[PDB]
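Here is the structure we will look at.
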Amino acid sequence: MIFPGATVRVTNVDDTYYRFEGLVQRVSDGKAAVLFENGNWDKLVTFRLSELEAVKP
């Protein structure tokens with residue numbers, strides 16, 4: 001149910017971006033590229049779907 005444009009939260013406690021929320025850019029092969037943003041800072045990271053949970057925008 002995670003699709004491009006959806007907002008997700010990272011749930012893997014061993015990940016740098018644990019609990020960060022970002023926008024899904026693309027989904028393929030059971031993985032999703034997520035864009036995190038904060039002012040002039042941003043980071044694009046690919047996660048396995050099992051490391052992400054859908055949340056409200």
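Quick note on naming: the chains in the structure tokens go A, B, ... in the order shown, residues restart at 1 in each chain, and ligands are numbered from 1 in order of appearance.
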List the neighbours of region 47-54 of chain A out to 6 Å using only C-alpha atoms; skip same-chain residues closer than 3 positions along the sequence, and give me the result as an mmCIF file with N, CA, C and O atoms, in the first residue's frame.
```cif
data_model
loop_
_atom_site.group_PDB
_atom_site.id
_atom_site.type_symbol
_atom_site.label_atom_id
_atom_site.label_comp_id
_atom_site.auth_asym_id
_atom_site.auth_seq_id
_atom_site.Cartn_x
_atom_site.Cartn_y
_atom_site.Cartn_z
ATOM 1 N N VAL A 8 5.991 8.025 4.541
ATOM 2 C CA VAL A 8 6.299 6.846 5.342
ATOM 3 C C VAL A 8 7.232 7.205 6.481
ATOM 4 O O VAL A 8 7.904 8.235 6.443
ATOM 5 N N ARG A 9 7.252 6.355 7.501
ATOM 6 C CA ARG A 9 8.136 6.546 8.644
ATOM 7 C C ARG A 9 9.047 5.326 8.675
ATOM 8 O O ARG A 9 8.597 4.204 8.444
ATOM 9 N N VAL A 10 10.331 5.547 8.940
ATOM 10 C CA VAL A 10 11.294 4.448 9.006
ATOM 11 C C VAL A 10 11.179 3.792 10.377
ATOM 12 O O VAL A 10 11.255 4.464 11.399
ATOM 13 N N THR A 11 11.014 2.474 10.390
ATOM 14 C CA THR A 11 10.834 1.745 11.641
ATOM 15 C C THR A 11 12.002 0.872 12.101
ATOM 16 O O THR A 11 11.894 0.200 13.125
ATOM 17 N N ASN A 12 13.102 0.877 11.353
ATOM 18 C CA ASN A 12 14.276 0.071 11.695
ATOM 19 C C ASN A 12 15.182 0.837 12.666
ATOM 20 O O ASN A 12 15.802 1.832 12.283
ATOM 21 N N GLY A 30 10.297 -4.739 -4.177
ATOM 22 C CA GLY A 30 10.127 -4.828 -2.737
ATOM 23 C C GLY A 30 10.879 -3.766 -1.958
ATOM 24 O O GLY A 30 11.038 -3.878 -0.741
ATOM 25 N N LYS A 31 11.343 -2.737 -2.658
ATOM 26 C CA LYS A 31 12.078 -1.656 -2.015
ATOM 27 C C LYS A 31 11.499 -0.312 -2.424
ATOM 28 O O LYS A 31 10.820 -0.200 -3.443
ATOM 29 N N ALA A 32 11.761 0.713 -1.622
ATOM 30 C CA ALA A 32 11.264 2.042 -1.931
ATOM 31 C C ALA A 32 12.331 3.082 -1.657
ATOM 32 O O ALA A 32 13.072 2.983 -0.679
#
```
- Query: When DSSP works through the backbone of this structure, what residues of chain A end up as strand (DSSP E), shown as number ranges by chain?
  - Reply: A: 7-10, 21-28, 31-38, 41-48, 52-55
Do a neighbour search on region 15-23 of chain A at 9 Å with only C-alpha atoms, toss out local chain neighbours closer than 2 positions, and write the hits as a PDB file with N, CA, C and O atoms, in the first residue's frame.
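The resulting file, out_7.pdb, is shown below:
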```
ATOM      1  N   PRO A   4       4.327   5.693  -4.707  1.00  0.00           N
ATOM      2  CA  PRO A   4       5.041   6.955  -4.917  1.00  0.00           C
ATOM      3  C   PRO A   4       4.141   8.119  -4.504  1.00  0.00           C
ATOM      4  O   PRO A   4       2.995   8.211  -4.944  1.00  0.00           O
ATOM      5  N   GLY A   5       4.659   8.997  -3.651  1.00  0.00           N
ATOM      6  CA  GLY A   5       3.875  10.128  -3.191  1.00  0.00           C
ATOM      7  C   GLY A   5       3.376   9.931  -1.771  1.00  0.00           C
ATOM      8  O   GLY A   5       2.950  10.878  -1.112  1.00  0.00           O
ATOM      9  N   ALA A   6       3.419   8.693  -1.294  1.00  0.00           N
ATOM     10  CA  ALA A   6       2.974   8.401   0.059  1.00  0.00           C
ATOM     11  C   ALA A   6       4.027   8.866   1.057  1.00  0.00           C
ATOM     12  O   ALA A   6       5.201   9.011   0.714  1.00  0.00           O
ATOM     13  N   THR A   7       3.595   9.116   2.287  1.00  0.00           N
ATOM     14  CA  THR A   7       4.506   9.529   3.344  1.00  0.00           C
ATOM     15  C   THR A   7       4.739   8.285   4.191  1.00  0.00           C
ATOM     16  O   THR A   7       3.798   7.559   4.505  1.00  0.00           O
ATOM     17  N   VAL A   8       5.991   8.025   4.541  1.00  0.00           N
ATOM     18  CA  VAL A   8       6.299   6.846   5.342  1.00  0.00           C
ATOM     19  C   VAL A   8       7.232   7.205   6.481  1.00  0.00           C
ATOM     20  O   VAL A   8       7.904   8.235   6.443  1.00  0.00           O
ATOM     21  N   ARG A   9       7.252   6.355   7.501  1.00  0.00           N
ATOM     22  CA  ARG A   9       8.136   6.546   8.644  1.00  0.00           C
ATOM     23  C   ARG A   9       9.047   5.326   8.675  1.00  0.00           C
ATOM     24  O   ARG A   9       8.597   4.204   8.444  1.00  0.00           O
ATOM     25  N   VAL A  10      10.331   5.547   8.940  1.00  0.00           N
ATOM     26  CA  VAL A  10      11.294   4.448   9.006  1.00  0.00           C
ATOM     27  C   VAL A  10      11.179   3.792  10.377  1.00  0.00           C
ATOM     28  O   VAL A  10      11.255   4.464  11.399  1.00  0.00           O
ATOM     29  N   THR A  11      11.014   2.474  10.390  1.00  0.00           N
ATOM     30  CA  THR A  11      10.834   1.745  11.641  1.00  0.00           C
ATOM     31  C   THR A  11      12.002   0.872  12.101  1.00  0.00           C
ATOM     32  O   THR A  11      11.894   0.200  13.125  1.00  0.00           O
ATOM     33  N   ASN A  12      13.102   0.877  11.353  1.00  0.00           N
ATOM     34  CA  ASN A  12      14.276   0.071  11.695  1.00  0.00           C
ATOM     35  C   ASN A  12      15.182   0.837  12.666  1.00  0.00           C
ATOM     36  O   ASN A  12      15.802   1.832  12.283  1.00  0.00           O
ATOM     37  N   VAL A  13      15.264   0.371  13.912  1.00  0.00           N
ATOM     38  CA  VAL A  13      16.076   1.048  14.925  1.00  0.00           C
ATOM     39  C   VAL A  13      17.572   1.046  14.622  1.00  0.00           C
ATOM     40  O   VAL A  13      18.332   1.796  15.236  1.00  0.00           O
ATOM     41  N   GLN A  25       9.491   8.113  -3.367  1.00  0.00           N
ATOM     42  CA  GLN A  25       9.776   8.571  -4.723  1.00  0.00           C
ATOM     43  C   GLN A  25       9.482   7.495  -5.756  1.00  0.00           C
ATOM     44  O   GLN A  25       9.019   7.786  -6.860  1.00  0.00           O
ATOM     45  N   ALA A  33      12.416   4.064  -2.546  1.00  0.00           N
ATOM     46  CA  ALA A  33      13.363   5.160  -2.400  1.00  0.00           C
ATOM     47  C   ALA A  33      12.564   6.248  -1.701  1.00  0.00           C
ATOM     48  O   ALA A  33      11.487   6.623  -2.161  1.00  0.00           O
ATOM     49  N   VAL A  34      13.088   6.744  -0.588  1.00  0.00           N
ATOM     50  CA  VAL A  34      12.401   7.762   0.196  1.00  0.00           C
ATOM     51  C   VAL A  34      13.224   9.036   0.301  1.00  0.00           C
ATOM     52  O   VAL A  34      14.430   8.993   0.557  1.00  0.00           O
ATOM     53  N   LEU A  35      12.564  10.173   0.107  1.00  0.00           N
ATOM     54  CA  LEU A  35      13.241  11.463   0.188  1.00  0.00           C
ATOM     55  C   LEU A  35      12.904  12.166   1.499  1.00  0.00           C
ATOM     56  O   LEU A  35      11.736  12.428   1.795  1.00  0.00           O
ATOM     57  N   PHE A  36      13.936  12.449   2.286  1.00  0.00           N
ATOM     58  CA  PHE A  36      13.770  13.141   3.560  1.00  0.00           C
ATOM     59  C   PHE A  36      14.169  14.582   3.307  1.00  0.00           C
ATOM     60  O   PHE A  36      15.120  14.842   2.568  1.00  0.00           O
ATOM     61  N   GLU A  37      13.440  15.510   3.917  1.00  0.00           N
ATOM     62  CA  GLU A  37      13.706  16.930   3.726  1.00  0.00           C
ATOM     63  C   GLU A  37      13.596  17.732   5.017  1.00  0.00           C
ATOM     64  O   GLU A  37      12.819  17.397   5.912  1.00  0.00           O
ATOM     65  N   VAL A  45      17.153   7.871   0.305  1.00  0.00           N
ATOM     66  CA  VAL A  45      17.589   6.571   0.788  1.00  0.00           C
ATOM     67  C   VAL A  45      16.624   5.483   0.343  1.00  0.00           C
ATOM     68  O   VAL A  45      15.410   5.697   0.303  1.00  0.00           O
ATOM     69  N   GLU A  51      10.982  -1.933   6.291  1.00  0.00           N
ATOM     70  CA  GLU A  51      11.634  -0.937   7.143  1.00  0.00           C
ATOM     71  C   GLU A  51      10.802   0.341   7.152  1.00  0.00           C
ATOM     72  O   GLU A  51      11.182   1.335   7.770  1.00  0.00           O
ATOM     73  N   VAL A  55       2.115   6.507   6.872  1.00  0.00           N
ATOM     74  CA  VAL A  55       1.611   7.472   7.842  1.00  0.00           C
ATOM     75  C   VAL A  55       0.918   8.616   7.104  1.00  0.00           C
ATOM     76  O   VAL A  55       1.058   8.756   5.889  1.00  0.00           O
ATOM     77  N   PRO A  57       0.248  12.326   5.721  1.00  0.00           N
ATOM     78  CA  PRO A  57       1.143  13.382   5.231  1.00  0.00           C
ATOM     79  C   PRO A  57       1.606  14.366   6.311  1.00  0.00           C
ATOM     80  O   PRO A  57       0.964  14.420   7.384  1.00  0.00           O
TER      81      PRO A  57
END
```
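Counting only C-alpha atoms, the residue from A:14, A:41, A:28, A:2 that sits nearest to residue 56 (chain A) is A:2.
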